[PDB]
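Only one chain is shown below, in C-alpha cells, and it's the form deposited without ligand KCC.
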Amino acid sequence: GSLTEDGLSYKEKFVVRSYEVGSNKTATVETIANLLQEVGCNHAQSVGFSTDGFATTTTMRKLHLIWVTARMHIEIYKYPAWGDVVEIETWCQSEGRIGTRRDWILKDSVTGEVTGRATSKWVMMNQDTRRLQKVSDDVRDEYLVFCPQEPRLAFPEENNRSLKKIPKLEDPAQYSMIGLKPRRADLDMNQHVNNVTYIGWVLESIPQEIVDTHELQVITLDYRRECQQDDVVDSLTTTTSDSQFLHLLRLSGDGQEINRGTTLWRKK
C-alpha cells in the first residue's frame, strides 16, 4: 500500500484468500474486519508509528496507553470473491476532543465502484490497569497533522445508520449461543481479545437458515467492556423486523454486558 498524494489517507490492495471465504466463495465479514485492521495498521506505520507498538503513537507508548474500540459500523454492498482484488482507503479524524474516528472505503480495484464502507470510534486505555484514560491535549498534537483538516466522513448522509442508538436486548432472547470462549488465535499482539472476535461471537447466535438464505448488509457493534482470556461469553439475538436483529454479548457468569449491536440482512 501507500499514503495518498496529500498524505492524509492510506490505500492498499488485497487479494482474497481461499481460507478467507465462506459458503458463497466470497469474503466473510470477519475477513473484511481483519483487512480494515491491517490497512489501519499500515497507515500508522507509513506516518512513523513503528511495528514496536500496535498502531500506538510515540506519546501513547511513553504513557503505557493502547487503542480500544468503542463502536464499529460496517456496510457491505458486494463481498469480494475468492481471488478478487479489493482496494481499501483509510483515514483518521479527532472527534472534537473525546475520541478518534477511523473510516474506510472499500472499492472494486478494477471498476472503482464502492463495494463497502466502515466507520469506528476509538478511545485510549492504560495497558497495565486497563482503565480508560482521558486525553489532556499533547497527544492530539502528535497526530493532528496526519488527519484531514476538513471533515471527511465515510457515512456523510444525514441520519445515516452509523449514528443510531442501540437498545439493550430484553430476556428472553429468541436465539442464543452459550459458552463461547476465546482461544490463543483470538488474541492480538497485546494479548487482548481481537475486536474482530466479538463480530464472530455476535454472529454465532444468528440461525443457520438465515445465514444460508440471506447476506449480511450492515453490522453496528458497541464495545462496553472487554472479554478477558479466562471469560466465557453468551451471544443473544432477537429479530426486530430484509431481516433485522438486535444482539447482546454478556459474560456467562454474572451476566455483565460486554457488547450490544444490530445487523441487517438482505435475501439472496
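One-based numbering along the sequence shown. The term rigid core refers to the maximal set of C-alpha atoms that superpose within 1.5 Å between the two forms.
Per the compared records, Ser205 is resolved in all of the other entries whose models span it, so no third of them omit it. Of the other entries compared for this protein that flank it with modelled residues, all give atoms for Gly40, so not even a third lack it. In this entry, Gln208 and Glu209 are joined directly, with no residue of the deposited sequence lacking coordinates between them. A summary of the deposited B-factors shows that, of 84 to 92 and 137 to 145, the stretch with the larger mean C-alpha value is 137 to 145. Per the PDB record, of the two stretches 42 to 50 and 224 to 232, 224 to 232 carries the greater mean B-factor over its C-alpha atoms. In this entry, the residue among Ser120, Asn190, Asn160, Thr197 with the greatest C-alpha B factor is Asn160. For the set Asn259, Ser252, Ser18, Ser9, the PDB entry puts the maximum C-alpha B factor at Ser252. For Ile32, the recorded CA temperature factor ranks within the lowest third of the chain's modelled residues. Sort the modelled residues of the chain by CA B factor and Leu65 lands in the middle third. Split the chain's modelled residues into thirds by C-alpha temperature factor. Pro151 is in the highest one.
Sorting the modelled residues of the chain by their CA temperature factor places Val114 in the middle third. Split the chain's modelled residues into thirds by C-alpha temperature factor. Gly179 is in the middle one.
The following text describes the form solved in complex with ligand KCC, which does not appear among the structures shown.
Residues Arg130, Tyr223 and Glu226 are all found to lie within 4.5 Å of ligand KCC in the deposited complex, as judged by heavy atom distances.
In the deposited complex, ligand KCC sits within 4.5 Å of a heavy atom of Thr69. Among the candidates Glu170, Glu113, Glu157, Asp128, the CA atom that moves 2 angstroms or more between this form and the one not shown after core superposition belongs to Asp128 alone.
Relative to the superposed core, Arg61 shifts its CA atom by 2 Å or more between this form and the one not shown.
For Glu95, the Cα coordinates differ by under 2 angstroms between this form and the one not shown after the core has been superposed.
Once both forms are fitted on their core, the CA shift for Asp188 between this form and the one not shown remains under 2 Å. Between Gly96 and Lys134, the C-alpha separation shrinks by 3 Å or more in the deposited complex, relative to the conformation displayed. Annotation: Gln133/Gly96 CA-CA distance shorter in the deposited complex than in the displayed model, change of at least 3 Å.
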